[PDB]
Amino acid sequence: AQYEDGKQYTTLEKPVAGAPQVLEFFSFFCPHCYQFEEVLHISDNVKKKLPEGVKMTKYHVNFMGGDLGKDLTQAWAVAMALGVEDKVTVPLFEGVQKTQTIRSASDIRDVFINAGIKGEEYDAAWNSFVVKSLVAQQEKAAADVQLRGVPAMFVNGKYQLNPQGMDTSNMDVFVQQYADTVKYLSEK
């Protein structure tokens with residue numbers, strides 16, 4: 001076949017019912033994730049090829065960066081609750097991996113302030129129980145698929161993208177193959 005289990009994807013031995021259609025995991029500490037966001041724009045290019053009616057979910061994980069890793073998962077929860085993902089993703093990646101100016105929750109907070117979210121609004125979100133369950137959702141989804149590495153994408157809780165089995169000579173070709181694979185699995 002052209003798309004083979006074990007080649008461009010793997011199949012979960014333990015399918016996850018009720019899972020989001022397209023589920024992506026990342027960490028602001030994750031060097032390939034930085035690439036995926038900054039250079040390849042994977043999430044965006046997957047969306048451009050996905051069908052109508054399919055929604056895209058992205059969650060942060062704890063298992064990188066210790067204490068600050070967990071802070072970041074709560075901050076992504078805040079970003080999701082306030083709908084400001086597209087305004088903080090890049091400064092968070094760069095603050096953690098490029099400039100190294102993010103070392104504490106307060107530094108994470110500065111990114112949101114500079115992005116124009118109000119202090120009060122941020123702190124209320126940060127401490128809200130709606131954010132606590134969003135943290136819970138992120139952790140649970142990661143638990144349900146036995147996640148020990150990122151970046152990771154899952155389609156309908158039973159297929160996992162396998163980017164190592166795609167050619168990386170050409171960034172652009174890699175992305176389209178990646179995206180086309182998701183679309184394929186989507187229709188499966």
# chains A, B, ... in the order shown; residues from 1 in each chain; ligands from 1
call {"tool": "select_by_dssp", "arguments": {"residues": "chain A", "states": "strand (DSSP E or B)", "output": "list in words"}}
result
residues 5, 9, 10, 11, 22, 23, 24, 25, 26, 56, 57, 58, 59, 60, 152, 153, 154, 155, 159, 160 and 161 of chain A
call {"tool": "residues_around", "arguments": {"residues": "residue 97 in chain A", "least_positions_apart": "3", "cutoff": "10 Å", "atoms": "only C-alpha atoms", "output": "list in words"}}
result
residues 28, 29, 30, 31, 34, 91, 92, 93, 94, 100, 101 and 102 of chain A
call {"tool": "write_last_selection", "arguments": {"atoms": "C-alpha atoms", "output": "mmCIF file, in the first residue's frame"}}
result
data_model
loop_
_atom_site.group_PDB
_atom_site.id
_atom_site.type_symbol
_atom_site.label_atom_id
_atom_site.label_comp_id
_atom_site.auth_asym_id
_atom_site.auth_seq_id
_atom_site.Cartn_x
_atom_site.Cartn_y
_atom_site.Cartn_z
ATOM 1 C CA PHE A 28 7.546 24.555 25.117
ATOM 2 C CA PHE A 29 10.765 22.742 26.148
ATOM 3 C CA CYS A 30 10.568 20.419 23.152
ATOM 4 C CA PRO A 31 13.099 21.273 20.421
ATOM 5 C CA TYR A 34 9.652 24.511 18.296
ATOM 6 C CA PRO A 91 6.782 34.238 22.640
ATOM 7 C CA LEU A 92 6.571 31.207 24.918
ATOM 8 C CA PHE A 93 8.654 29.038 22.591
ATOM 9 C CA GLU A 94 11.205 31.806 22.146
ATOM 10 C CA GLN A 100 15.982 31.912 27.804
ATOM 11 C CA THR A 101 14.117 34.643 29.593
ATOM 12 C CA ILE A 102 11.477 32.306 30.989
#
call {"tool": "closest_residue", "arguments": {"among": "A:58, A:77, A:113, A:90", "to": "residue 39 in chain A", "atoms": "only C-alpha atoms"}}
result
A:90
call {"tool": "residues_around", "arguments": {"residues": "residue 152 in chain A", "least_positions_apart": "4", "cutoff": "7 Å", "atoms": "only C-alpha atoms", "output": "PDB file with N, CA and C atoms, in the first residue's frame"}}
result
ATOM      1  N   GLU A  24      -3.036  16.862  19.147  1.00  0.00           N
ATOM      2  CA  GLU A  24      -1.601  17.107  19.126  1.00  0.00           C
ATOM      3  C   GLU A  24      -1.012  17.423  20.515  1.00  0.00           C
ATOM      4  N   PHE A  25       0.122  16.817  20.851  1.00  0.00           N
ATOM      5  CA  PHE A  25       0.786  17.137  22.120  1.00  0.00           C
ATOM      6  C   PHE A  25       2.112  17.812  21.901  1.00  0.00           C
ATOM      7  N   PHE A  26       2.432  18.782  22.753  1.00  0.00           N
ATOM      8  CA  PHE A  26       3.714  19.438  22.633  1.00  0.00           C
ATOM      9  C   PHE A  26       4.209  19.929  24.009  1.00  0.00           C
ATOM     10  N   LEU A 161       0.773   9.623  14.400  1.00  0.00           N
ATOM     11  CA  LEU A 161       1.642  10.022  13.295  1.00  0.00           C
ATOM     12  C   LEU A 161       3.030   9.497  13.578  1.00  0.00           C
TER      13      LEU A 161
END
call {"tool": "closest_residue", "arguments": {"among": "A:167, A:13, A:5, A:38", "to": "residue 98 in chain A", "atoms": "only C-alpha atoms"}}
result
A:38
call {"tool": "residues_around", "arguments": {"residues": "residue 121 in chain A", "least_positions_apart": "5", "cutoff": "12 Å", "atoms": "only C-alpha atoms", "output": "PDB file with N, CA and C atoms, in the first residue's frame"}}
result
ATOM      1  N   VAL A  78      -4.663  28.364  30.629  1.00  0.00           N
ATOM      2  CA  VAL A  78      -5.074  29.775  30.589  1.00  0.00           C
ATOM      3  C   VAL A  78      -5.220  30.313  29.167  1.00  0.00           C
ATOM      4  N   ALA A  79      -4.206  30.080  28.330  1.00  0.00           N
ATOM      5  CA  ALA A  79      -4.285  30.476  26.932  1.00  0.00           C
ATOM      6  C   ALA A  79      -5.544  29.884  26.282  1.00  0.00           C
ATOM      7  N   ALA A  81      -8.393  28.844  27.699  1.00  0.00           N
ATOM      8  CA  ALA A  81      -9.619  29.379  28.293  1.00  0.00           C
ATOM      9  C   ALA A  81      -9.873  30.803  27.798  1.00  0.00           C
ATOM     10  N   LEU A  82      -8.812  31.580  27.592  1.00  0.00           N
ATOM     11  CA  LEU A  82      -8.977  32.969  27.151  1.00  0.00           C
ATOM     12  C   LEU A  82      -8.993  33.098  25.632  1.00  0.00           C
ATOM     13  N   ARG A 109       3.958  34.656  32.999  1.00  0.00           N
ATOM     14  CA  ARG A 109       2.943  35.696  33.123  1.00  0.00           C
ATOM     15  C   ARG A 109       3.290  36.953  32.291  1.00  0.00           C
ATOM     16  N   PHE A 112       2.160  36.872  28.720  1.00  0.00           N
ATOM     17  CA  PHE A 112       0.741  37.179  28.516  1.00  0.00           C
ATOM     18  C   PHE A 112       0.455  38.693  28.626  1.00  0.00           C
ATOM     19  N   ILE A 113       1.071  39.350  29.610  1.00  0.00           N
ATOM     20  CA  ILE A 113       0.903  40.818  29.805  1.00  0.00           C
ATOM     21  C   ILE A 113       1.352  41.592  28.576  1.00  0.00           C
ATOM     22  N   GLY A 116      -0.749  41.576  25.841  1.00  0.00           N
ATOM     23  CA  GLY A 116      -1.939  42.394  25.994  1.00  0.00           C
ATOM     24  C   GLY A 116      -3.100  41.828  26.788  1.00  0.00           C
ATOM     25  N   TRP A 126      -5.700  32.128  35.757  1.00  0.00           N
ATOM     26  CA  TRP A 126      -4.677  31.259  36.346  1.00  0.00           C
ATOM     27  C   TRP A 126      -5.206  30.478  37.537  1.00  0.00           C
ATOM     28  N   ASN A 127      -6.008  31.142  38.370  1.00  0.00           N
ATOM     29  CA  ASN A 127      -6.511  30.565  39.621  1.00  0.00           C
ATOM     30  C   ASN A 127      -7.922  29.941  39.507  1.00  0.00           C
ATOM     31  N   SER A 128      -8.532  30.034  38.332  1.00  0.00           N
ATOM     32  CA  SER A 128      -9.913  29.606  38.155  1.00  0.00           C
ATOM     33  C   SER A 128     -10.009  28.076  38.117  1.00  0.00           C
TER      34      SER A 128
END
call {"tool": "atom_distance", "arguments": {"atom1": "CA of residue 56 in chain A", "atom2": "CA of residue 20 in chain A"}}
result
7.5 Å
call {"tool": "select_by_dssp", "arguments": {"residues": "range 46-113 of chain A", "states": "alpha helix (DSSP H)", "output": "PyMOL selection string"}}
result
chain A and resi 46-49+66-82+85-93+105-113
call {"tool": "write_last_selection", "arguments": {"atoms": "N, CA and C atoms", "output": "compact mmCIF listing (two decimals), in the first residue's frame"}}
result
# COMPACT_ATOMS: atom_id res chain seq x y z
N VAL A 46 -1.86 21.16 8.59
CA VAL A 46 -2.81 20.07 8.79
C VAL A 46 -4.24 20.61 8.68
N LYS A 47 -4.47 21.76 9.31
CA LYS A 47 -5.81 22.36 9.29
C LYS A 47 -6.23 22.67 7.87
N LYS A 48 -5.31 23.22 7.07
CA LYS A 48 -5.61 23.59 5.69
C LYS A 48 -6.05 22.39 4.84
N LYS A 49 -5.72 21.18 5.28
CA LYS A 49 -6.06 20.01 4.48
C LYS A 49 -7.13 19.18 5.11
N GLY A 66 10.46 19.85 34.30
CA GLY A 66 10.12 19.82 35.72
C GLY A 66 9.06 20.82 36.17
N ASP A 67 9.40 21.62 37.18
CA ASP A 67 8.47 22.55 37.84
C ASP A 67 7.91 23.54 36.83
N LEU A 68 8.80 24.05 35.99
CA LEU A 68 8.40 25.04 35.00
C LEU A 68 7.54 24.38 33.90
N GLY A 69 7.83 23.12 33.59
CA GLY A 69 7.00 22.34 32.68
C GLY A 69 5.54 22.29 33.10
N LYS A 70 5.31 22.03 34.38
CA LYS A 70 3.95 22.03 34.92
C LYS A 70 3.31 23.42 34.87
N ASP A 71 4.07 24.46 35.24
CA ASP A 71 3.59 25.85 35.12
C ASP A 71 3.12 26.13 33.72
N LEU A 72 3.89 25.62 32.74
CA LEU A 72 3.58 25.90 31.36
C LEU A 72 2.28 25.22 30.98
N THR A 73 2.04 24.00 31.46
CA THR A 73 0.76 23.34 31.18
C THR A 73 -0.41 24.13 31.76
N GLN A 74 -0.24 24.67 32.96
CA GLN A 74 -1.32 25.51 33.49
C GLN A 74 -1.48 26.77 32.63
N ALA A 75 -0.38 27.37 32.17
CA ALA A 75 -0.46 28.56 31.30
C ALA A 75 -1.08 28.27 29.96
N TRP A 76 -0.82 27.08 29.40
CA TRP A 76 -1.50 26.74 28.17
C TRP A 76 -3.01 26.60 28.49
N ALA A 77 -3.35 26.06 29.66
CA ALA A 77 -4.76 26.00 30.03
C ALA A 77 -5.36 27.41 30.01
N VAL A 78 -4.66 28.36 30.63
CA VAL A 78 -5.07 29.77 30.59
C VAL A 78 -5.22 30.31 29.17
N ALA A 79 -4.21 30.08 28.33
CA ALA A 79 -4.29 30.48 26.93
C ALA A 79 -5.54 29.88 26.28
N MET A 80 -5.84 28.62 26.56
CA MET A 80 -7.00 27.98 25.90
C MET A 80 -8.30 28.61 26.39
N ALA A 81 -8.39 28.84 27.70
CA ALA A 81 -9.62 29.38 28.29
C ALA A 81 -9.87 30.80 27.80
N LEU A 82 -8.81 31.58 27.59
CA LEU A 82 -8.98 32.97 27.15
C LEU A 82 -8.99 33.10 25.63
N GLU A 85 -4.23 31.49 22.35
CA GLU A 85 -3.16 30.59 21.91
C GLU A 85 -2.27 31.23 20.86
N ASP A 86 -2.89 31.90 19.89
CA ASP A 86 -2.15 32.44 18.74
C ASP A 86 -1.35 33.68 19.09
N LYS A 87 -1.49 34.16 20.32
CA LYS A 87 -0.77 35.37 20.70
C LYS A 87 0.37 35.08 21.65
N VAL A 88 0.39 33.86 22.19
CA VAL A 88 1.43 33.52 23.16
C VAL A 88 2.32 32.37 22.73
N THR A 89 1.88 31.56 21.77
CA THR A 89 2.65 30.39 21.40
C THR A 89 4.07 30.76 21.02
N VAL A 90 4.21 31.77 20.18
CA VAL A 90 5.55 32.10 19.71
C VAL A 90 6.43 32.73 20.83
N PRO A 91 5.91 33.74 21.56
CA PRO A 91 6.78 34.24 22.64
C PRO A 91 7.09 33.21 23.71
N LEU A 92 6.23 32.22 23.92
CA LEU A 92 6.57 31.21 24.92
C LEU A 92 7.69 30.31 24.40
N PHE A 93 7.57 29.83 23.17
CA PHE A 93 8.65 29.04 22.59
C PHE A 93 9.98 29.79 22.65
N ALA A 105 7.12 31.18 36.88
CA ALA A 105 5.74 31.46 36.52
C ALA A 105 5.56 32.93 36.22
N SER A 106 6.24 33.79 36.97
CA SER A 106 6.13 35.23 36.73
C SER A 106 6.63 35.62 35.33
N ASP A 107 7.71 34.99 34.88
CA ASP A 107 8.18 35.24 33.52
C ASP A 107 7.15 34.74 32.48
N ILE A 108 6.52 33.60 32.74
CA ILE A 108 5.45 33.14 31.83
C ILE A 108 4.36 34.21 31.81
N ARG A 109 3.96 34.66 33.00
CA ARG A 109 2.94 35.70 33.12
C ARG A 109 3.29 36.95 32.29
N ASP A 110 4.56 37.37 32.31
CA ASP A 110 5.00 38.57 31.55
C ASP A 110 4.69 38.46 30.06
N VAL A 111 4.87 37.26 29.53
CA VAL A 111 4.53 36.99 28.14
C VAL A 111 3.06 37.31 27.84
N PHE A 112 2.16 36.87 28.72
CA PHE A 112 0.74 37.18 28.52
C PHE A 112 0.45 38.69 28.63
N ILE A 113 1.07 39.35 29.61
CA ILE A 113 0.90 40.82 29.81
C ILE A 113 1.35 41.59 28.58
call {"tool": "closest_residue", "arguments": {"among": "A:19, A:96, A:155, A:166", "to": "residue 50 in chain A", "atoms": "only C-alpha atoms"}}
result
A:155
call {"tool": "atom_distance", "arguments": {"atom1": "CA of residue 153 in chain A", "atom2": "CA of residue 36 in chain A"}}
result
11.5 Å
call {"tool": "atom_distance", "arguments": {"atom1": "CA of residue 104 in chain A", "atom2": "CA of residue 119 in chain A"}}
result
16.1 Å
call {"tool": "closest_residue", "arguments": {"among": "A:177, A:186, A:156, A:164", "to": "residue 17 in chain A", "atoms": "only C-alpha atoms"}}
result
A:156
call {"tool": "closest_residue", "arguments": {"among": "A:2, A:27, A:10, A:45", "to": "residue 172 in chain A", "atoms": "only C-alpha atoms"}}
result
A:45
call {"tool": "closest_residue", "arguments": {"among": "A:168, A:159, A:143, A:138", "to": "residue 183 in chain A", "atoms": "only C-alpha atoms"}}
result
A:159
